[PDB]
file run-v2.csv (CSV, C-alpha atoms)
chain,number,residue,atom,x,y,z
A,1,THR,CA,0.0,0.0,0.0
A,2,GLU,CA,2.9,2.3,-0.8
A,3,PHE,CA,2.2,5.5,-2.6
A,4,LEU,CA,4.0,7.1,-5.6
A,5,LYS,CA,5.7,10.6,-5.2
A,6,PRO,CA,6.8,12.8,-8.0
A,7,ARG,CA,10.3,13.5,-9.4
A,8,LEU,CA,11.9,15.9,-11.9
A,9,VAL,CA,10.3,19.4,-12.1
A,10,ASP,CA,12.4,21.4,-14.6
A,11,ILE,CA,11.1,25.0,-14.3
A,12,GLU,CA,11.0,26.9,-17.7
A,13,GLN,CA,10.7,30.6,-17.1
A,14,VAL,CA,8.8,32.7,-19.7
A,15,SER,CA,10.3,36.2,-19.1
A,16,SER,CA,9.7,37.3,-15.5
A,17,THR,CA,5.9,37.3,-15.1
A,18,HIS,CA,4.8,33.8,-16.0
A,19,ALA,CA,6.2,30.3,-16.5
A,20,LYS,CA,5.3,26.7,-17.3
A,21,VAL,CA,6.3,24.2,-14.6
A,22,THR,CA,6.0,20.4,-15.1
A,23,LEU,CA,5.6,17.3,-12.7
A,24,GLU,CA,6.3,13.9,-14.2
A,25,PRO,CA,5.2,11.0,-11.8
A,26,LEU,CA,1.6,11.4,-10.8
A,27,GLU,CA,-0.6,8.3,-10.5
A,28,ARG,CA,-3.9,7.7,-12.1
A,29,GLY,CA,-6.2,10.8,-12.0
A,30,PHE,CA,-4.0,12.6,-9.6
A,31,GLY,CA,-3.1,15.2,-12.2
A,32,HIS,CA,-6.6,16.5,-12.2
A,33,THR,CA,-7.1,16.1,-8.5
A,34,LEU,CA,-4.1,18.3,-7.9
A,35,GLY,CA,-4.2,20.5,-11.0
A,36,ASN,CA,-7.8,21.4,-10.3
A,37,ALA,CA,-7.6,21.8,-6.5
A,38,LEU,CA,-4.7,24.3,-7.1
A,39,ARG,CA,-6.4,26.1,-10.0
A,40,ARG,CA,-9.4,26.5,-7.7
A,41,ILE,CA,-7.5,28.3,-4.9
A,42,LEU,CA,-5.2,30.2,-7.2
A,43,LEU,CA,-7.9,32.0,-9.1
A,44,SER,CA,-10.1,32.5,-6.1
A,45,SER,CA,-8.7,32.8,-2.6
A,46,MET,CA,-5.3,34.5,-2.5
A,47,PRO,CA,-3.8,37.4,-0.6
A,48,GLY,CA,-3.8,40.5,-2.6
A,49,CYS,CA,-3.6,44.3,-2.7
A,50,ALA,CA,-5.6,45.9,-5.4
B,1,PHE,CA,-7.7,31.4,6.7
B,2,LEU,CA,-9.9,29.5,9.2
B,3,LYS,CA,-9.4,25.7,8.9
B,4,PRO,CA,-12.1,23.0,9.1
B,5,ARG,CA,-12.7,20.1,11.4
B,6,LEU,CA,-14.9,17.1,11.4
B,7,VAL,CA,-18.3,16.8,13.1
B,8,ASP,CA,-21.1,14.2,13.7
B,9,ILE,CA,-20.4,11.1,11.7
B,10,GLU,CA,-23.8,9.4,11.2
B,11,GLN,CA,-23.8,5.7,10.5
B,12,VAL,CA,-27.1,4.7,8.8
B,13,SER,CA,-26.6,1.2,7.5
B,14,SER,CA,-23.6,-1.2,7.6
B,15,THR,CA,-23.2,-0.3,3.9
B,16,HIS,CA,-23.2,3.5,3.7
B,17,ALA,CA,-23.1,6.6,5.9
B,18,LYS,CA,-23.1,10.4,5.8
B,19,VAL,CA,-20.0,12.1,7.2
B,20,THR,CA,-19.9,15.9,7.6
B,21,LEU,CA,-17.3,18.7,7.9
B,22,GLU,CA,-18.6,21.8,9.6
B,23,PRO,CA,-15.9,24.8,9.2
B,24,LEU,CA,-15.5,25.5,5.4
B,25,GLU,CA,-14.9,29.0,4.1
B,26,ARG,CA,-16.4,30.4,0.8
B,27,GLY,CA,-16.2,27.8,-1.9
B,28,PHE,CA,-13.9,25.5,0.0
B,29,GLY,CA,-16.7,23.0,0.3
B,30,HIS,CA,-16.4,22.3,-3.4
B,31,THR,CA,-12.6,22.5,-3.5
B,32,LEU,CA,-12.4,19.6,-1.1
B,33,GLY,CA,-15.6,17.6,-1.9
B,34,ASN,CA,-14.4,17.1,-5.5
B,35,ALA,CA,-10.7,16.7,-4.5
B,36,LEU,CA,-11.9,14.2,-1.8
B,37,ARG,CA,-14.3,12.3,-4.0
B,38,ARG,CA,-11.4,11.7,-6.3
B,39,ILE,CA,-9.1,9.9,-3.8
B,40,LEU,CA,-12.1,8.2,-2.1
B,41,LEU,CA,-13.4,6.6,-5.2
B,42,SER,CA,-10.0,5.6,-6.4
B,43,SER,CA,-7.1,4.9,-4.0
B,44,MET,CA,-8.3,3.2,-0.8
B,45,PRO,CA,-7.2,0.2,1.2
B,46,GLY,CA,-9.0,-3.1,0.4
B,47,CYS,CA,-8.6,-6.8,0.8
B,48,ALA,CA,-10.1,-8.9,-2.1
B,49,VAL,CA,-9.6,-12.6,-2.7
B,50,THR,CA,-6.9,-13.4,-5.2
B,51,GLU,CA,-5.8,-17.0,-5.6
B,52,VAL,CA,-8.3,-19.8,-5.0
B,53,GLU,CA,-7.3,-23.5,-5.1
B,54,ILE,CA,-10.4,-25.8,-5.0
B,55,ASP,CA,-11.0,-29.5,-4.5
B,56,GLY,CA,-10.9,-31.3,-7.8
B,57,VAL,CA,-10.9,-28.4,-10.2
B,58,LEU,CA,-8.2,-28.2,-12.9
B,59,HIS,CA,-9.4,-24.9,-14.4
B,60,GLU,CA,-12.1,-22.3,-14.1
B,61,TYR,CA,-14.0,-23.7,-17.1
B,62,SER,CA,-15.1,-27.0,-15.6
B,63,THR,CA,-18.1,-28.1,-13.4
B,64,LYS,CA,-17.8,-29.8,-10.1
B,65,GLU,CA,-20.3,-32.7,-9.9
B,66,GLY,CA,-22.8,-31.9,-7.2
B,67,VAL,CA,-23.0,-28.1,-7.4
B,68,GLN,CA,-25.1,-26.2,-9.8
B,69,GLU,CA,-22.7,-23.2,-10.2
B,70,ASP,CA,-20.1,-23.3,-12.9
B,71,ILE,CA,-16.6,-22.9,-11.5
B,72,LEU,CA,-16.2,-19.7,-13.4
B,73,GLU,CA,-19.4,-18.4,-11.7
B,74,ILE,CA,-18.2,-19.4,-8.3
B,75,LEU,CA,-14.9,-17.5,-8.7
B,76,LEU,CA,-16.9,-14.4,-9.6
B,77,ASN,CA,-18.9,-14.8,-6.5
B,78,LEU,CA,-15.7,-14.7,-4.4
B,79,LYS,CA,-14.6,-11.4,-6.0
B,80,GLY,CA,-17.7,-10.0,-4.2
B,81,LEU,CA,-17.0,-11.5,-0.7
B,82,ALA,CA,-16.3,-8.6,1.7
B,83,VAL,CA,-13.8,-9.3,4.5
B,84,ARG,CA,-11.3,-7.4,6.6
B,85,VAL,CA,-8.0,-8.2,8.3
B,86,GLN,CA,-6.0,-6.6,11.0
B,87,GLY,CA,-2.4,-7.7,11.3
B,88,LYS,CA,-1.9,-9.8,8.1
B,89,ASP,CA,-1.3,-8.7,4.6
B,90,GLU,CA,-2.3,-12.1,3.3
B,91,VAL,CA,-4.3,-14.8,5.0
B,92,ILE,CA,-5.4,-18.1,3.4
B,93,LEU,CA,-9.0,-19.1,4.5
B,94,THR,CA,-10.2,-22.7,4.5
B,95,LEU,CA,-13.8,-23.2,3.4
B,96,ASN,CA,-15.5,-26.6,3.9
B,97,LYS,CA,-19.2,-27.6,3.8
B,98,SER,CA,-21.3,-30.4,2.4
B,99,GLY,CA,-24.9,-31.6,2.4
B,100,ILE,CA,-27.9,-30.3,0.4
B,101,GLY,CA,-28.2,-26.5,0.9
B,102,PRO,CA,-26.7,-23.1,0.3
B,103,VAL,CA,-23.1,-22.6,1.1
B,104,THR,CA,-22.9,-19.1,2.6
B,105,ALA,CA,-20.1,-16.9,3.7
B,106,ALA,CA,-20.5,-17.9,7.4
B,107,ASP,CA,-19.5,-21.5,6.8
B,108,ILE,CA,-15.8,-20.6,6.5
B,109,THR,CA,-13.2,-21.1,9.2
B,110,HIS,CA,-13.0,-18.1,11.6
B,111,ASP,CA,-9.6,-16.6,12.3
B,112,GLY,CA,-8.5,-14.1,14.9
B,113,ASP,CA,-8.6,-11.3,12.3
B,114,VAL,CA,-11.4,-12.6,10.2
B,115,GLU,CA,-14.6,-10.5,10.2
B,116,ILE,CA,-17.2,-11.5,7.6
B,117,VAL,CA,-19.4,-8.5,7.1
B,118,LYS,CA,-22.1,-10.4,5.1
B,119,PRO,CA,-22.4,-13.9,6.6
B,120,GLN,CA,-25.4,-14.5,4.3
B,121,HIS,CA,-23.4,-13.8,1.1
B,122,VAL,CA,-24.0,-16.8,-1.2
B,123,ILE,CA,-20.9,-18.5,-2.4
B,124,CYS,CA,-22.8,-21.4,-4.2
B,125,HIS,CA,-25.4,-24.0,-3.6
B,126,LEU,CA,-25.0,-27.8,-2.9
B,127,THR,CA,-27.3,-30.2,-4.8
B,128,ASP,CA,-26.6,-33.6,-3.4
B,129,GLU,CA,-26.7,-35.3,0.1
B,130,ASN,CA,-23.1,-36.4,0.0
B,131,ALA,CA,-21.1,-33.8,-2.0
B,132,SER,CA,-18.3,-31.9,-0.4
B,133,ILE,CA,-16.3,-28.9,-1.5
B,134,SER,CA,-12.9,-27.9,0.0
B,135,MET,CA,-11.2,-24.7,-1.0
B,136,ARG,CA,-8.1,-22.7,0.0
B,137,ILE,CA,-9.1,-19.1,-0.3
B,138,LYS,CA,-6.0,-16.8,-0.4
B,139,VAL,CA,-7.1,-13.2,0.4
B,140,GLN,CA,-4.6,-10.4,0.3
B,141,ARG,CA,-4.8,-6.6,0.7
B,142,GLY,CA,-3.9,-3.8,-1.7
B,143,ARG,CA,-5.0,-0.8,-3.7
B,144,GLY,CA,-6.8,-0.2,-7.0
B,145,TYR,CA,-7.9,-2.7,-9.7
B,146,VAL,CA,-5.4,-5.4,-10.5
B,147,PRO,CA,-6.9,-7.7,-13.1
B,148,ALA,CA,-6.0,-11.4,-13.2
B,149,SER,CA,-4.3,-10.9,-16.5
B,150,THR,CA,-1.5,-8.6,-15.4
B,151,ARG,CA,-0.8,-11.0,-12.6
B,152,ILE,CA,0.9,-13.6,-14.8
B,153,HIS,CA,4.2,-11.9,-15.4
B,154,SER,CA,6.1,-12.5,-12.2
B,155,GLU,CA,4.6,-16.0,-12.2
B,156,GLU,CA,7.9,-17.8,-11.2
B,157,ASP,CA,6.3,-21.2,-11.2
B,158,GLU,CA,2.8,-20.8,-9.9
B,159,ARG,CA,2.5,-24.5,-11.1
B,160,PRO,CA,-0.4,-25.3,-8.7
B,161,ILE,CA,-2.8,-25.7,-11.7
B,162,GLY,CA,-5.5,-26.0,-9.1
B,163,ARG,CA,-4.7,-22.5,-7.9
B,164,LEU,CA,-7.1,-20.5,-10.0
B,165,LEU,CA,-6.6,-16.7,-9.9
B,166,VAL,CA,-9.3,-14.1,-9.8
B,167,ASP,CA,-9.4,-10.4,-10.5
B,168,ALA,CA,-8.4,-8.0,-7.7
B,169,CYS,CA,-11.4,-5.8,-6.7
B,170,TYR,CA,-9.5,-3.9,-4.0
B,171,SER,CA,-11.7,-1.0,-2.8
B,172,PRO,CA,-14.3,-0.3,0.0
B,173,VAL,CA,-16.0,2.5,-1.8
B,174,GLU,CA,-19.0,2.0,-4.1
B,175,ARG,CA,-20.7,5.4,-4.5
B,176,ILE,CA,-19.5,8.8,-3.2
B,177,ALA,CA,-21.6,12.0,-3.3
B,178,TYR,CA,-20.8,15.4,-1.8
B,179,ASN,CA,-23.3,18.2,-1.1
B,180,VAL,CA,-22.3,21.6,0.2
B,181,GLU,CA,-25.0,23.3,2.2
B,182,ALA,CA,-24.5,26.7,3.8
B,183,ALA,CA,-23.7,26.2,7.5
B,184,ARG,CA,-24.6,29.1,9.8
B,185,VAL,CA,-22.4,29.2,12.9
B,186,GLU,CA,-23.8,31.6,15.4
B,187,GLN,CA,-21.3,34.4,14.5
B,188,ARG,CA,-19.6,34.5,11.1
B,189,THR,CA,-20.4,36.1,7.8
B,190,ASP,CA,-21.1,33.1,5.6
B,191,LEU,CA,-19.7,29.6,6.1
B,192,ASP,CA,-20.4,26.3,4.4
B,193,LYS,CA,-20.8,22.7,5.3
B,194,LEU,CA,-19.7,19.5,3.6
B,195,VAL,CA,-22.1,16.5,3.4
B,196,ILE,CA,-20.3,13.5,2.0
B,197,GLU,CA,-22.7,10.7,1.4
B,198,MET,CA,-20.7,7.6,0.6
B,199,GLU,CA,-21.5,3.9,0.1
B,200,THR,CA,-19.4,1.0,1.2
B,201,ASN,CA,-19.2,-2.7,1.5
B,202,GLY,CA,-18.7,-2.3,5.3
B,203,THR,CA,-15.0,-3.2,5.3
B,204,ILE,CA,-13.8,0.2,6.2
B,205,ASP,CA,-15.1,2.6,8.9
B,206,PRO,CA,-15.9,6.2,7.8
B,207,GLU,CA,-13.5,8.1,10.0
B,208,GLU,CA,-10.6,5.8,9.1
B,209,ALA,CA,-11.3,6.2,5.3
B,210,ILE,CA,-11.5,10.0,5.2
B,211,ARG,CA,-8.2,10.3,7.1
B,212,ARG,CA,-6.1,8.1,4.8
B,213,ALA,CA,-7.7,9.8,1.8
B,214,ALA,CA,-6.7,13.3,3.1
B,215,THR,CA,-3.4,11.7,4.3
B,216,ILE,CA,-2.3,10.8,0.8
B,217,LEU,CA,-3.6,14.3,-0.3
B,218,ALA,CA,-1.2,16.3,1.8
B,219,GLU,CA,1.5,13.6,1.2
B,220,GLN,CA,1.4,14.4,-2.5
B,221,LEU,CA,1.5,18.2,-1.8
B,222,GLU,CA,4.8,17.6,0.0
B,223,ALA,CA,7.0,18.1,-3.2
B,224,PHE,CA,4.5,20.8,-4.3
B,225,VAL,CA,5.3,23.2,-1.5
B,226,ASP,CA,8.8,23.6,-3.1
B,227,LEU,CA,10.7,22.8,-6.2
C,1,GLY,CA,11.5,-39.9,-41.9
C,2,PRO,CA,8.5,-39.9,-39.6
C,3,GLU,CA,7.8,-36.9,-37.3
C,4,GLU,CA,7.7,-37.6,-33.5
C,5,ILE,CA,5.4,-36.1,-30.9
C,6,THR,CA,8.1,-37.0,-28.4
C,7,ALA,CA,8.9,-34.5,-25.6
C,8,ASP,CA,12.6,-34.4,-26.4
C,9,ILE,CA,13.1,-31.1,-28.2
C,10,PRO,CA,16.6,-29.8,-29.2
C,11,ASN,CA,17.6,-26.5,-27.5
C,12,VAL,CA,14.9,-25.9,-24.9
C,13,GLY,CA,15.3,-25.3,-21.2
C,14,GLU,CA,13.6,-27.0,-18.2
C,15,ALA,CA,11.2,-24.1,-17.9
C,16,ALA,CA,10.0,-24.7,-21.4
C,17,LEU,CA,9.5,-28.4,-21.0
C,18,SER,CA,8.0,-28.0,-17.5
C,19,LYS,CA,4.4,-27.4,-18.7
C,20,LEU,CA,4.6,-30.6,-20.8
C,21,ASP,CA,4.1,-34.1,-19.4
C,22,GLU,CA,6.4,-37.0,-20.1
C,23,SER,CA,4.7,-37.5,-23.4
C,24,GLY,CA,5.2,-33.9,-24.7
C,25,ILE,CA,1.6,-32.6,-24.4
C,26,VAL,CA,0.6,-29.7,-22.2
C,27,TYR,CA,-1.3,-30.8,-19.1
C,28,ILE,CA,-5.0,-30.1,-19.2
C,29,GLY,CA,-5.8,-26.9,-17.3
C,30,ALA,CA,-2.3,-25.4,-17.5
C,31,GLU,CA,-2.5,-21.7,-18.2
C,32,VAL,CA,-0.3,-20.6,-21.1
C,33,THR,CA,0.8,-17.4,-22.8
C,34,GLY,CA,2.4,-16.5,-26.1
C,35,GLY,CA,5.3,-18.8,-27.0
C,36,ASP,CA,4.6,-21.7,-24.6
C,37,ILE,CA,4.9,-25.1,-26.2
C,38,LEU,CA,1.6,-26.8,-26.4
C,39,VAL,CA,2.8,-30.0,-28.2
C,40,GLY,CA,6.3,-31.1,-28.7
C,41,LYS,CA,7.0,-32.1,-32.3
C,42,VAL,CA,10.3,-32.9,-34.1
C,43,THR,CA,10.9,-33.8,-37.7
C,44,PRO,CA,13.9,-35.5,-39.3
C,45,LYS,CA,16.3,-33.4,-41.3
C,46,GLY,CA,19.6,-35.1,-42.0
C,47,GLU,CA,23.1,-33.9,-42.8
C,48,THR,CA,22.7,-30.3,-41.9
C,49,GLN,CA,25.9,-29.3,-43.9
C,50,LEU,CA,27.1,-26.5,-41.6
D,1,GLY,CA,0.6,-39.2,-44.8
D,2,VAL,CA,-0.4,-38.1,-41.4
D,3,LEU,CA,0.7,-40.4,-38.6
D,4,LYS,CA,-1.0,-38.7,-35.7
D,5,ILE,CA,-2.7,-35.4,-34.9
D,6,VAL,CA,-3.0,-33.5,-31.6
D,7,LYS,CA,-5.7,-30.9,-31.2
D,8,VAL,CA,-5.4,-28.5,-28.3
D,9,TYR,CA,-8.3,-26.3,-27.1
D,10,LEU,CA,-7.4,-23.0,-25.5
D,11,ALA,CA,-10.0,-20.8,-23.7
D,12,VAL,CA,-8.9,-17.1,-23.8
D,13,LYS,CA,-10.8,-14.6,-21.7
D,14,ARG,CA,-10.7,-11.1,-23.4
D,15,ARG,CA,-12.5,-8.2,-21.7
D,16,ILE,CA,-12.7,-5.0,-23.6
D,17,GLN,CA,-10.1,-2.5,-24.9
D,18,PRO,CA,-9.9,0.5,-27.2
D,19,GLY,CA,-10.6,-0.6,-30.8
D,20,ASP,CA,-13.5,-2.9,-30.2
D,21,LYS,CA,-16.7,-2.3,-32.2
D,22,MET,CA,-19.8,-1.5,-30.2
D,23,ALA,CA,-23.4,-0.6,-31.3
D,24,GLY,CA,-26.9,-0.2,-30.1
D,25,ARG,CA,-29.9,-1.8,-31.7
D,26,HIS,CA,-30.6,1.5,-33.6
D,27,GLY,CA,-27.6,1.4,-36.0
D,28,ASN,CA,-25.2,3.6,-34.0
D,29,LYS,CA,-21.7,2.1,-34.3
D,30,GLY,CA,-18.7,2.9,-32.2
D,31,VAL,CA,-15.1,2.1,-31.4
D,32,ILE,CA,-14.1,2.4,-27.7
D,33,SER,CA,-11.6,5.2,-27.5
D,34,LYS,CA,-10.4,5.6,-24.0
D,35,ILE,CA,-11.1,3.6,-20.8
D,36,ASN,CA,-11.7,6.3,-18.3
D,37,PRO,CA,-11.4,6.1,-14.5
D,38,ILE,CA,-14.6,6.2,-12.3
D,39,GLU,CA,-13.2,9.4,-10.9
D,40,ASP,CA,-13.5,11.4,-14.1
D,41,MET,CA,-17.0,10.0,-15.0
D,42,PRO,CA,-19.9,12.5,-15.0
D,43,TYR,CA,-22.0,11.9,-11.9
D,44,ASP,CA,-25.4,13.1,-10.7
D,45,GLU,CA,-26.2,14.9,-7.5
D,46,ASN,CA,-26.7,11.5,-5.8
D,47,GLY,CA,-23.1,10.6,-6.7
D,48,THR,CA,-23.7,7.6,-9.1
D,49,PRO,CA,-21.3,7.8,-12.1
D,50,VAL,CA,-22.2,7.0,-15.6
call {"tool": "encode", "arguments": {"input": "run-v2.csv", "output": "structure tokens"}}
result
Amino acid sequence: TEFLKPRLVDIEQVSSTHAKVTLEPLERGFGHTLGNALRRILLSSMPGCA
Amino acid sequence: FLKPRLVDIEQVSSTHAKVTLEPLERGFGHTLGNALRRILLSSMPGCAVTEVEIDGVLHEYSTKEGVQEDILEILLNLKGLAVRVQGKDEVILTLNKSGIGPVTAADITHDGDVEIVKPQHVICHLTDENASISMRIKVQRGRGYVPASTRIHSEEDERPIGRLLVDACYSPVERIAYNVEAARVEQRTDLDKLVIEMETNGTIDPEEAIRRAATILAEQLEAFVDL
Amino acid sequence: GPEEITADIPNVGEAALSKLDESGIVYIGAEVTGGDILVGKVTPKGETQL
Amino acid sequence: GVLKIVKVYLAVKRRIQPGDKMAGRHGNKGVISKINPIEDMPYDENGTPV
């Protein structure tokens, strides 16, 4: 009942504002479960000064 | 950034239950409920029968004289037998019975860690006065769906031709549903609740499940929090 | 010459000939995959001229 | 010319995989494309996937 962890995460900067990061070893369906749960909190609840 | 905690866990049937999480901020009920449904339906501990060696049976395609169930059909019934262990990662159960009548799931040999959650579960019938069936039922524990096909690669001399393999069904969860209702605590602006209605074979308790689910969750976030 | 169903096959290991009985025929009920020998058969070809 | 013949009967159990043809009684054909996890399946309010 052991559980697979990621590895390799080369971070490609696009200028200074944004970038495309990547994570190779995600088990079945965990890409969405993570990608979506982080998308959710990123767009919505974040500290900000506007 | 107020954090949640659990609340009344209502058992209804031995099968399913409705757990609840009271302190969720705006929209966090959805962010979890979907993220929790994911790991609940998929990765959970379970113990399903794997290798079954029966009395006189060479292969799953024959018929044992004196029982009206084809061997193939009896194997499938085993895949649906719900059990739970405690300190063993594989235990081999010895089932014996004879005489005209149903052979249920309570006719097996009890072990210290054996708990049969459905003693009435029908394994097969018995059609003749003197007809006897002996079987070694090897039950192990694991995660996910491992079909019998992918099992024959290690092999390494599983020569016991009488040992017939079945498909690994490992999972407690059947149906998971989450509903977010607005929870009004006496003083706060607006907070939400989480009603998770799940469905189970009874081989895992609700509080245990939701922990290891969320456990794996933060465990995957480990790497995430840095690079 | 005549072809033999004998279980003696040039250049095969014990793991190959395992699933065969003394006669050279796979046992009934033995599960097999691609490449396993179902029936041992050998035909005479003389003076190979190597 | 044939001295002896051995006929072996294999029972393969195949389940379903991308590439199989499927159709309803109404003339709608199809070829299974992906086998999707239960996690990604559209579900109703009651939680039963499709």
call {"tool": "residues_around", "arguments": {"input": "run-v2.csv", "residues": "residue 71 of chain B", "least_positions_apart": "5", "cutoff": "10 Å", "atoms": "all atoms listed in the file", "output": "PyMOL selection string"}}
result
chain B and resi 54+57+59-64+76-77+124+164
call {"tool": "interface_residues", "arguments": {"input": "run-v2.csv", "of": "chain C", "to": "chain B", "cutoff": "10 Å", "atoms": "all atoms listed in the file", "output": "ChimeraX atom specification"}}
result
/C:15,18-19,27-33
call {"tool": "residues_around", "arguments": {"input": "run-v2.csv", "residues": "residue 8 of chain D", "least_positions_apart": "2", "cutoff": "10 Å", "atoms": "all atoms listed in the file", "output": "list in words"}}
result
residues 25, 26, 28, 38 and 39 of chain C; 5, 6 and 10 of chain D
call {"tool": "residues_near_point", "arguments": {"input": "run-v2.csv", "point": "(2.7, 9.1, -6.1)", "cutoff": "9 Å", "atoms": "all atoms listed in the file", "output": "PyMOL selection string"}}
result
(chain A and resi 2-6+25-27+30) or (chain B and resi 216+219-220)
call {"tool": "residues_near_point", "arguments": {"input": "run-v2.csv", "point": "(-9.8, 2.9, -5.8)", "cutoff": "10 Å", "atoms": "only C-alpha atoms", "output": "PDB file with C-alpha atoms, keeping the file's coordinate frame"}}
result
ATOM      1  CA  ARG A  28      -3.900   7.700 -12.100  1.00  0.00           C
TER       2      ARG A  28
ATOM      3  CA  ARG B  38     -11.400  11.700  -6.300  1.00  0.00           C
ATOM      4  CA  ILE B  39      -9.100   9.900  -3.800  1.00  0.00           C
ATOM      5  CA  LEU B  40     -12.100   8.200  -2.100  1.00  0.00           C
ATOM      6  CA  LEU B  41     -13.400   6.600  -5.200  1.00  0.00           C
ATOM      7  CA  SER B  42     -10.000   5.600  -6.400  1.00  0.00           C
ATOM      8  CA  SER B  43      -7.100   4.900  -4.000  1.00  0.00           C
ATOM      9  CA  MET B  44      -8.300   3.200  -0.800  1.00  0.00           C
ATOM     10  CA  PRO B  45      -7.200   0.200   1.200  1.00  0.00           C
ATOM     11  CA  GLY B  46      -9.000  -3.100   0.400  1.00  0.00           C
ATOM     12  CA  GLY B 142      -3.900  -3.800  -1.700  1.00  0.00           C
ATOM     13  CA  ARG B 143      -5.000  -0.800  -3.700  1.00  0.00           C
ATOM     14  CA  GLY B 144      -6.800  -0.200  -7.000  1.00  0.00           C
ATOM     15  CA  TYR B 145      -7.900  -2.700  -9.700  1.00  0.00           C
ATOM     16  CA  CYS B 169     -11.400  -5.800  -6.700  1.00  0.00           C
ATOM     17  CA  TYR B 170      -9.500  -3.900  -4.000  1.00  0.00           C
ATOM     18  CA  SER B 171     -11.700  -1.000  -2.800  1.00  0.00           C
ATOM     19  CA  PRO B 172     -14.300  -0.300   0.000  1.00  0.00           C
ATOM     20  CA  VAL B 173     -16.000   2.500  -1.800  1.00  0.00           C
ATOM     21  CA  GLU B 174     -19.000   2.000  -4.100  1.00  0.00           C
TER      22      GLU B 174
ATOM     23  CA  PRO D  37     -11.400   6.100 -14.500  1.00  0.00           C
ATOM     24  CA  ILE D  38     -14.600   6.200 -12.300  1.00  0.00           C
ATOM     25  CA  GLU D  39     -13.200   9.400 -10.900  1.00  0.00           C
TER      26      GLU D  39
END
call {"tool": "interface_residues", "arguments": {"input": "run-v2.csv", "of": "chain D", "to": "chain B", "cutoff": "9 Å", "atoms": "only C-alpha atoms", "output": "list in words"}}
result
residues 11, 37, 38, 39, 40, 43, 44, 45, 46, 47, 48 and 49 of chain D
call {"tool": "build_atoms", "arguments": {"input": "run-v2.csv", "residues": "segment 2-15 of chain A", "atoms": "N, CA and C atoms", "output": "compact mmCIF listing (two decimals), keeping the file's coordinate frame"}}
result
# COMPACT_ATOMS: atom_id res chain seq x y z
N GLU A 2 1.99 1.17 -0.67
CA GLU A 2 2.90 2.30 -0.80
C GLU A 2 2.38 3.25 -1.86
N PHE A 3 2.74 4.52 -1.74
CA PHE A 3 2.20 5.50 -2.60
C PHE A 3 3.25 6.36 -3.36
N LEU A 4 3.14 6.35 -4.70
CA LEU A 4 4.00 7.10 -5.60
C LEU A 4 3.94 8.61 -5.54
N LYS A 5 5.05 9.29 -5.28
CA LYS A 5 5.70 10.60 -5.20
C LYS A 5 6.23 11.07 -6.49
N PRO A 6 6.29 12.37 -6.76
CA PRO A 6 6.80 12.80 -8.00
C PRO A 6 8.35 12.87 -8.02
N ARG A 7 8.91 13.18 -9.19
CA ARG A 7 10.30 13.50 -9.40
C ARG A 7 10.42 14.30 -10.69
N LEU A 8 11.57 14.97 -10.85
CA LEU A 8 11.90 15.90 -11.90
C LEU A 8 10.87 17.04 -12.00
N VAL A 9 11.31 18.28 -12.13
CA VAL A 9 10.30 19.40 -12.10
C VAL A 9 10.91 20.58 -12.83
N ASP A 10 11.63 20.35 -13.94
CA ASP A 10 12.40 21.40 -14.60
C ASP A 10 11.43 22.61 -14.78
N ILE A 11 11.89 23.78 -14.33
CA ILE A 11 11.10 25.00 -14.30
C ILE A 11 11.56 25.97 -15.44
N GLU A 12 10.70 26.14 -16.44
CA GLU A 12 11.00 26.90 -17.70
C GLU A 12 10.38 28.26 -17.42
N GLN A 13 11.20 29.27 -17.19
CA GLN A 13 10.70 30.60 -17.10
C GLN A 13 10.38 31.25 -18.45
N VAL A 14 9.27 31.97 -18.48
CA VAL A 14 8.80 32.70 -19.70
C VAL A 14 8.87 34.16 -19.21
N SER A 15 10.03 34.80 -19.42
CA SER A 15 10.30 36.20 -19.10
C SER A 15 10.50 36.35 -17.61
